[PDB]
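Student: Let me begin by handing over the structure; questions about it come next.
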Amino acid sequence: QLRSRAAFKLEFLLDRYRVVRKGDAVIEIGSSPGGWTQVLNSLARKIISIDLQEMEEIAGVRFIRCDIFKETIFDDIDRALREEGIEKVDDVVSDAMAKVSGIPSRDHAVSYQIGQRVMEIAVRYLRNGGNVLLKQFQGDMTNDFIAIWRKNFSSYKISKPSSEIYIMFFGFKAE
Ligand SMILES: C[S@@+](CC[C@H](N)C(=O)[O-])C[C@H]1O[C@@H](n2cnc3c(N)ncnc32)[C@H](O)[C@@H]1O
């Protein structure tokens with residue numbers, strides 16, 4: 001999966017923004033089939049990968065089949081972190097998306113709801129100084145989403161590697 005379109009998108013983002021750093025522990029949301037995971041596995045010390053769908057095992061990657069919107073997500077991540085001896089992760093990254101309709105407003109709406117839940121997970125588990133990378137389909141809610149969530153971070157960036165964008169938040173502050 002090292003050669004997938006999704007993998008190339010992540011390589012581009014790491015080159016430009018260093019959003020994940022060598023030795024980081026990462027919660028990866030929307031991991032299947034594993035392009036980002038394989039790119040991250042070259043750099044991260046530990047990845048906890050989450051998806052609705054099965055994907056092939058990768059040595060040392062902790063995979064959790066889970067719907068992030070449902071009731072077990074926090075217990076599942078808590079257990080995985082406990083077993084890894086990690087209190088707070090360095091990054092939360094998400095390429096999660098549901099089925100695409102081809103309609104910018106609809107795809108934005110679905111993507112926004114995913115983004116909200118990704119951020120709820122991020123603020124729960126990120127270390128001070130940690131980063132977020134998340135895919136979003138741009139729309140009405142995007143500027144307000146950024147304005148709200150960037151209050152918990154030192155800075156943010158938006159990138160486009162045709163309404164799909166990647167939002168990055170840098171340097172988490174629990175304060
Ligand atoms: C664009 S694919 C991700 C590709 C991946 N980054 C790669 O490089 O192989 C999006 C993934 O998001 C997952 N996803 C969508 N909604 C989800 C949810 N509520 N909980 C967990 N995963 C979800 C889907 O099952 C799907 O596998």
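Scheme for the structure tokens: letters A, B, ... for chains in order shown; per-chain residue numbers from 1; ligand numbers from 1 in order shown.
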Contacts of residue 131 (chain A) at 12 Å or less, counting only C-alpha atoms, minus same-chain residues fewer than 5 places along, as an MDAnalysis selection string?

Tutor: chainID A and resid 17:21 24:27 88:94 119 122:123 125:126 150 152:157 167:173

Student: Write to file, as a short mmCIF file (atom, residue, chain, number, x, y, z; two decimals), in the first residue's frame, the residues of the selection just made, with N, CA, C and O atoms.

Tutor:
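The file below, part07.cif, is the result:
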```cif
data_model
loop_
_atom_site.label_atom_id
_atom_site.label_comp_id
_atom_site.auth_asym_id
_atom_site.auth_seq_id
_atom_site.Cartn_x
_atom_site.Cartn_y
_atom_site.Cartn_z
N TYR A 17 5.15 19.62 6.05
CA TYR A 17 4.68 20.10 7.36
C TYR A 17 5.19 19.34 8.59
O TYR A 17 4.92 19.78 9.71
N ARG A 18 5.86 18.23 8.38
CA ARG A 18 6.46 17.42 9.48
C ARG A 18 5.40 17.15 10.60
O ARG A 18 5.70 17.20 11.75
N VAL A 19 4.20 16.84 10.17
CA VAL A 19 3.11 16.75 11.11
C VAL A 19 3.21 15.55 12.04
O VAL A 19 2.77 15.62 13.14
N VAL A 20 3.83 14.49 11.56
CA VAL A 20 4.32 13.39 12.37
C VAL A 20 5.86 13.33 12.32
O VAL A 20 6.41 13.50 11.28
N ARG A 21 6.51 13.13 13.46
CA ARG A 21 7.84 13.18 13.65
C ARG A 21 8.36 11.79 14.00
O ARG A 21 7.67 11.04 14.61
N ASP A 24 7.28 9.33 17.13
CA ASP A 24 5.95 9.66 17.64
C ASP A 24 5.08 8.43 17.80
O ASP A 24 5.22 7.44 17.07
N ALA A 25 4.16 8.52 18.77
CA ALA A 25 3.07 7.56 18.88
C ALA A 25 1.85 8.25 18.29
O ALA A 25 1.58 9.41 18.60
N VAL A 26 1.13 7.52 17.43
CA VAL A 26 0.05 8.09 16.61
C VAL A 26 -1.22 7.27 16.73
O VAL A 26 -1.18 6.05 16.65
N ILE A 27 -2.35 7.96 16.96
CA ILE A 27 -3.67 7.33 16.76
C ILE A 27 -4.08 7.69 15.33
O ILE A 27 -4.15 8.88 14.97
N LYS A 88 -0.27 9.81 26.90
CA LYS A 88 -0.73 10.77 25.89
C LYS A 88 0.05 10.55 24.62
O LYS A 88 1.25 10.36 24.66
N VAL A 89 -0.66 10.55 23.48
CA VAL A 89 -0.01 10.29 22.19
C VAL A 89 0.54 11.59 21.65
O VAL A 89 0.15 12.68 22.07
N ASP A 90 1.42 11.46 20.66
CA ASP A 90 2.05 12.64 20.08
C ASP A 90 1.20 13.24 18.97
O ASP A 90 1.19 14.44 18.80
N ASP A 91 0.50 12.39 18.19
CA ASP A 91 -0.35 12.89 17.09
C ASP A 91 -1.62 12.08 16.96
O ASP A 91 -1.64 10.90 17.28
N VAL A 92 -2.68 12.73 16.47
CA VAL A 92 -3.86 12.03 16.01
C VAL A 92 -4.01 12.40 14.54
O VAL A 92 -3.99 13.60 14.18
N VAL A 93 -4.08 11.40 13.66
CA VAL A 93 -4.26 11.68 12.24
C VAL A 93 -5.49 10.96 11.75
O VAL A 93 -5.81 9.88 12.24
N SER A 94 -6.21 11.57 10.80
CA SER A 94 -7.40 10.94 10.26
C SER A 94 -7.50 11.15 8.75
O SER A 94 -7.41 12.29 8.27
N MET A 119 -11.69 15.34 16.53
CA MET A 119 -11.16 16.35 17.46
C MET A 119 -11.50 16.02 18.90
O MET A 119 -10.68 16.28 19.79
N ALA A 122 -8.92 13.64 19.79
CA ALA A 122 -7.63 14.30 19.91
C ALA A 122 -7.47 15.02 21.24
O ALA A 122 -6.46 14.84 21.92
N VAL A 123 -8.46 15.81 21.64
CA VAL A 123 -8.25 16.58 22.87
C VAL A 123 -8.22 15.67 24.11
O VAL A 123 -7.62 16.03 25.13
N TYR A 125 -6.69 12.65 24.14
CA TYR A 125 -5.51 11.79 24.19
C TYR A 125 -4.19 12.46 23.83
O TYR A 125 -3.15 11.86 24.03
N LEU A 126 -4.24 13.68 23.29
CA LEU A 126 -3.00 14.34 22.84
C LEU A 126 -2.16 14.88 23.97
O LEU A 126 -2.68 15.47 24.92
N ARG A 150 -8.73 25.72 16.70
CA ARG A 150 -7.37 26.29 16.76
C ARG A 150 -7.06 26.98 18.08
O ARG A 150 -5.90 27.23 18.38
N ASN A 152 -7.17 25.55 20.84
CA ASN A 152 -6.44 24.54 21.63
C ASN A 152 -5.03 24.26 21.11
O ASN A 152 -4.37 23.31 21.55
N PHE A 153 -4.57 25.07 20.16
CA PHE A 153 -3.30 24.82 19.48
C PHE A 153 -2.49 26.09 19.26
O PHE A 153 -3.03 27.21 19.26
N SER A 154 -1.19 25.90 19.07
CA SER A 154 -0.27 27.01 18.81
C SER A 154 -0.48 27.61 17.42
O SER A 154 -0.39 28.84 17.25
N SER A 155 -0.78 26.76 16.44
CA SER A 155 -0.98 27.20 15.06
C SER A 155 -1.78 26.18 14.25
O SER A 155 -2.06 25.08 14.72
N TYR A 156 -2.15 26.55 13.02
CA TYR A 156 -2.79 25.61 12.12
C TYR A 156 -2.32 25.86 10.70
O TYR A 156 -1.82 26.96 10.39
N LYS A 157 -2.49 24.85 9.85
CA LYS A 157 -2.26 24.97 8.41
C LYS A 157 -3.33 24.20 7.65
O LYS A 157 -3.88 23.22 8.17
N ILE A 167 -6.49 19.58 7.07
CA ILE A 167 -6.34 20.55 8.12
C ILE A 167 -5.36 20.02 9.16
O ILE A 167 -5.49 18.88 9.60
N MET A 168 -4.38 20.83 9.55
CA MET A 168 -3.41 20.44 10.56
C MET A 168 -3.40 21.43 11.68
O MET A 168 -3.37 22.63 11.44
N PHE A 169 -3.43 20.90 12.88
CA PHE A 169 -3.30 21.71 14.08
C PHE A 169 -2.00 21.36 14.79
O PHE A 169 -1.71 20.18 15.01
N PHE A 170 -1.22 22.36 15.16
CA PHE A 170 0.12 22.12 15.71
C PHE A 170 0.24 22.60 17.15
O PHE A 170 -0.19 23.72 17.47
N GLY A 171 0.82 21.76 18.01
CA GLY A 171 1.17 22.20 19.36
C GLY A 171 0.00 22.34 20.30
O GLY A 171 -0.38 23.45 20.72
N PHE A 172 -0.61 21.20 20.64
CA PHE A 172 -1.77 21.15 21.51
C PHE A 172 -1.48 21.79 22.86
O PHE A 172 -0.41 21.60 23.40
N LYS A 173 -2.42 22.53 23.37
CA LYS A 173 -2.38 23.07 24.72
C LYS A 173 -3.65 22.70 25.44
O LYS A 173 -4.66 23.20 25.15
#
```

Student: If you count only C-alpha atoms, which residues fall within 10 Å of region 57-65 of chain A, apart from same-chain ones fewer than 3 positions away, as JSON, numbers by chain?

Tutor: {"A": [27, 28, 29, 30, 31, 32, 33, 34, 37, 38, 40, 41, 44, 45, 46, 47, 48, 49, 50, 51, 52, 53, 54, 68, 73, 76, 77, 80, 81, 84]}

Student: Go ahead and write the residues just picked, N, CA and C atoms, as an mmCIF file, in the first residue's frame.

Tutor:
```cif
data_model
loop_
_atom_site.group_PDB
_atom_site.id
_atom_site.type_symbol
_atom_site.label_atom_id
_atom_site.label_comp_id
_atom_site.auth_asym_id
_atom_site.auth_seq_id
_atom_site.Cartn_x
_atom_site.Cartn_y
_atom_site.Cartn_z
ATOM 1 N N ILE A 27 -2.354 7.955 16.958
ATOM 2 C CA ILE A 27 -3.669 7.331 16.762
ATOM 3 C C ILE A 27 -4.084 7.692 15.330
ATOM 4 N N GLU A 28 -4.309 6.674 14.505
ATOM 5 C CA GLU A 28 -4.668 6.846 13.109
ATOM 6 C C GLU A 28 -6.108 6.417 12.899
ATOM 7 N N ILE A 29 -6.960 7.342 12.486
ATOM 8 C CA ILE A 29 -8.401 7.078 12.307
ATOM 9 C C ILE A 29 -8.725 6.927 10.821
ATOM 10 N N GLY A 30 -9.383 5.824 10.449
ATOM 11 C CA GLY A 30 -9.660 5.576 9.033
ATOM 12 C C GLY A 30 -8.463 4.957 8.320
ATOM 13 N N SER A 31 -7.943 3.875 8.885
ATOM 14 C CA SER A 31 -6.681 3.310 8.425
ATOM 15 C C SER A 31 -6.742 2.347 7.250
ATOM 16 N N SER A 32 -7.909 1.773 6.967
ATOM 17 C CA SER A 32 -7.951 0.705 5.972
ATOM 18 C C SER A 32 -7.942 1.242 4.550
ATOM 19 N N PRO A 33 -7.215 0.558 3.634
ATOM 20 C CA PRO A 33 -6.440 -0.681 3.742
ATOM 21 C C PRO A 33 -5.034 -0.586 4.308
ATOM 22 N N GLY A 34 -4.488 0.617 4.500
ATOM 23 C CA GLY A 34 -3.185 0.698 5.169
ATOM 24 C C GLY A 34 -2.087 1.510 4.520
ATOM 25 N N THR A 37 -0.858 3.923 7.027
ATOM 26 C CA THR A 37 -0.251 3.129 8.108
ATOM 27 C C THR A 37 1.154 2.669 7.747
ATOM 28 N N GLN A 38 1.323 2.222 6.504
ATOM 29 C CA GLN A 38 2.628 1.774 6.042
ATOM 30 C C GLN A 38 3.623 2.941 5.959
ATOM 31 N N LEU A 40 3.409 5.692 7.876
ATOM 32 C CA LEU A 40 3.648 6.038 9.285
ATOM 33 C C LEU A 40 4.540 5.027 9.996
ATOM 34 N N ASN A 41 4.467 3.756 9.607
ATOM 35 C CA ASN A 41 5.218 2.683 10.263
ATOM 36 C C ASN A 41 6.720 2.826 10.075
ATOM 37 N N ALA A 44 6.889 6.339 12.929
ATOM 38 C CA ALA A 44 6.311 6.311 14.270
ATOM 39 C C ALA A 44 6.906 5.187 15.115
ATOM 40 N N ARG A 45 6.966 5.393 16.442
ATOM 41 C CA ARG A 45 7.342 4.278 17.330
ATOM 42 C C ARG A 45 6.181 3.314 17.592
ATOM 43 N N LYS A 46 4.947 3.818 17.485
ATOM 44 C CA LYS A 46 3.765 3.022 17.741
ATOM 45 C C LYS A 46 2.576 3.687 17.067
ATOM 46 N N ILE A 47 1.764 2.864 16.401
ATOM 47 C CA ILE A 47 0.536 3.337 15.768
ATOM 48 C C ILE A 47 -0.623 2.526 16.325
ATOM 49 N N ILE A 48 -1.674 3.225 16.721
ATOM 50 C CA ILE A 48 -2.945 2.593 17.030
ATOM 51 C C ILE A 48 -3.858 3.009 15.899
ATOM 52 N N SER A 49 -4.227 2.045 15.064
ATOM 53 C CA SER A 49 -5.009 2.283 13.849
ATOM 54 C C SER A 49 -6.454 1.828 14.044
ATOM 55 N N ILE A 50 -7.416 2.622 13.571
ATOM 56 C CA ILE A 50 -8.834 2.369 13.821
ATOM 57 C C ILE A 50 -9.607 2.428 12.502
ATOM 58 N N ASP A 51 -10.457 1.438 12.238
ATOM 59 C CA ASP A 51 -11.307 1.511 11.057
ATOM 60 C C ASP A 51 -12.539 0.651 11.242
ATOM 61 N N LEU A 52 -13.589 0.969 10.487
ATOM 62 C CA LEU A 52 -14.772 0.096 10.423
ATOM 63 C C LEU A 52 -14.473 -1.248 9.766
ATOM 64 N N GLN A 53 -13.552 -1.237 8.813
ATOM 65 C CA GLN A 53 -13.258 -2.381 7.956
ATOM 66 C C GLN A 53 -11.967 -3.052 8.372
ATOM 67 N N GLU A 54 -11.874 -4.366 8.171
ATOM 68 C CA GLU A 54 -10.625 -5.059 8.387
ATOM 69 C C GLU A 54 -9.552 -4.525 7.446
ATOM 70 N N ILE A 68 -15.963 4.969 15.219
ATOM 71 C CA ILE A 68 -15.625 6.042 16.163
ATOM 72 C C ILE A 68 -16.837 6.755 16.770
ATOM 73 N N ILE A 73 -15.412 3.437 21.686
ATOM 74 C CA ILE A 73 -14.193 4.048 21.133
ATOM 75 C C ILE A 73 -13.188 4.482 22.198
ATOM 76 N N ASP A 76 -11.737 1.479 24.069
ATOM 77 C CA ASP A 76 -10.854 0.772 23.169
ATOM 78 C C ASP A 76 -9.505 1.464 23.098
ATOM 79 N N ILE A 77 -9.534 2.788 22.956
ATOM 80 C CA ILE A 77 -8.261 3.518 22.878
ATOM 81 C C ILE A 77 -7.572 3.511 24.243
ATOM 82 N N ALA A 80 -5.777 0.219 24.652
ATOM 83 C CA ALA A 80 -4.613 0.122 23.789
ATOM 84 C C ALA A 80 -3.449 0.947 24.338
ATOM 85 N N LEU A 81 -3.730 2.178 24.754
ATOM 86 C CA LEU A 81 -2.677 3.047 25.339
ATOM 87 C C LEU A 81 -2.077 2.455 26.612
ATOM 88 N N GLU A 84 0.268 -0.237 25.851
ATOM 89 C CA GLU A 84 1.507 0.274 25.289
ATOM 90 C C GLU A 84 2.338 1.097 26.256
#
```

Student: Can you tell me which residues surround residue 5 (chain A) at a distance of at most 12 Å, considering only C-alpha atoms, apart from same-chain residues fewer than 3 positions away, and format the answer as a PyMOL selection string?

Tutor: chain A and resi 1-2+8-12+33-36+39+161

Student: Produce a file of the selected residues containing C-alpha atoms, as a compact mmCIF listing (two decimals), in the first residue's frame.

Tutor:
```txt
# COMPACT_ATOMS: atom_id res chain seq x y z
CA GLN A 1 0.00 0.00 0.00
CA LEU A 2 3.18 2.16 0.11
CA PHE A 8 1.51 9.72 -1.62
CA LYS A 9 -0.77 12.36 -0.09
CA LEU A 10 0.63 11.60 3.35
CA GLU A 11 4.24 11.65 2.11
CA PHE A 12 3.59 15.11 0.61
CA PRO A 33 -6.44 -0.68 3.74
CA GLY A 34 -3.19 0.70 5.17
CA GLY A 35 -1.41 3.20 2.89
CA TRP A 36 -0.99 5.86 5.56
CA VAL A 39 4.03 5.30 5.55
CA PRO A 161 -2.26 17.78 -2.14
```

Student: Rank nothing, just name the residue among A:100, A:43, A:174, A:146 nearest to residue 127 (chain A), using only C-alpha atoms.

Tutor: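 Closest candidate: A:174.
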
Student: Using only C-alpha atoms and all ligand atoms, find the one residue out of A:67, A:107, A:140, A:75 that sits nearest to ligand 1.

Tutor: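 Closest to ligand 1, using only C-alpha atoms and all ligand atoms: A:67.
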
Student: For each of A:137, A:70, A:124, A:113, take the minimum atom-to-atom distance to residue 101 (chain A), counting only C-alpha atoms, then give the residue where this is smallest.

Tutor: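 Looking at the shortest contact to residue 101 (chain A), the residue is A:137.
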
Student: Any chance you could list, as a ChimeraX atom specification, the residues in region 6-166 of chain A that come up alpha helix (DSSP H) when DSSP is run on the backbone?

Tutor: /A:6-17,35-40,73-84,104-125,142-149

Student: Using only C-alpha atoms and all ligand atoms, which of the listed residues (A:118, A:6, A:147, A:165) sits closest to ligand 1?

Tutor: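 Using only C-alpha atoms and all ligand atoms, the shortest distance to ligand 1 belongs to A:6.
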
Student: In Å, with one decimal, what is the gap from atom 18 (C, counted along the ligand's line) of ligand 1 to CA of residue 136 (chain A)?

Tutor: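 Calculated distance between atom 18 (C, counted along the ligand's line) of ligand 1 and CA of residue 136 (chain A) is 13.7 Å.
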
Student: Find, counting only C-alpha atoms and all ligand atoms, the residue in A:135, A:16, A:106, A:79 that gets nearest to ligand 1.

Tutor: A:135

Student: Mind checking DSSP for chain A and telling me the strand (DSSP E or B) residues as a PyMOL selection string?

Tutor: chain A and resi 25-29+46-51+62-65+89-94+126-137+153-159+164-172

Student: Residue 138 (chain A): which residues within 8 Å, counting only C-alpha atoms, same-chain residues fewer than 6 positions away excluded, as an mmCIF file with N, CA, C and O atoms, in the first residue's frame?

Tutor:
```cif
data_model
loop_
_atom_site.group_PDB
_atom_site.id
_atom_site.type_symbol
_atom_site.label_atom_id
_atom_site.label_comp_id
_atom_site.auth_asym_id
_atom_site.auth_seq_id
_atom_site.Cartn_x
_atom_site.Cartn_y
_atom_site.Cartn_z
ATOM 1 N N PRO A 104 -20.524 18.438 -3.231
ATOM 2 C CA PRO A 104 -19.704 19.112 -2.217
ATOM 3 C C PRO A 104 -20.405 19.361 -0.882
ATOM 4 O O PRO A 104 -19.813 19.094 0.152
ATOM 5 N N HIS A 108 -19.149 17.480 2.418
ATOM 6 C CA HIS A 108 -18.728 18.337 3.523
ATOM 7 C C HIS A 108 -19.429 17.934 4.817
ATOM 8 O O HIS A 108 -18.812 17.803 5.880
ATOM 9 N N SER A 163 -12.751 19.349 -3.612
ATOM 10 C CA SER A 163 -13.027 20.042 -2.349
ATOM 11 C C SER A 163 -12.313 19.410 -1.134
ATOM 12 O O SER A 163 -12.431 19.913 -0.023
ATOM 13 N N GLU A 164 -11.571 18.326 -1.357
ATOM 14 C CA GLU A 164 -10.808 17.675 -0.276
ATOM 15 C C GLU A 164 -9.634 18.546 0.170
ATOM 16 O O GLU A 164 -8.853 19.037 -0.654
ATOM 17 N N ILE A 165 -9.526 18.765 1.481
ATOM 18 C CA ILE A 165 -8.404 19.486 2.037
ATOM 19 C C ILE A 165 -7.894 18.739 3.257
ATOM 20 O O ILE A 165 -8.569 17.850 3.791
#
```

Student: Name the closest residue to ligand 1 among the candidates A:72, A:95, A:14, A:82; distances are taken between atoms, counting only C-alpha atoms and all ligand atoms.

Tutor: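 Smallest separation from ligand 1 among the options: A:95.
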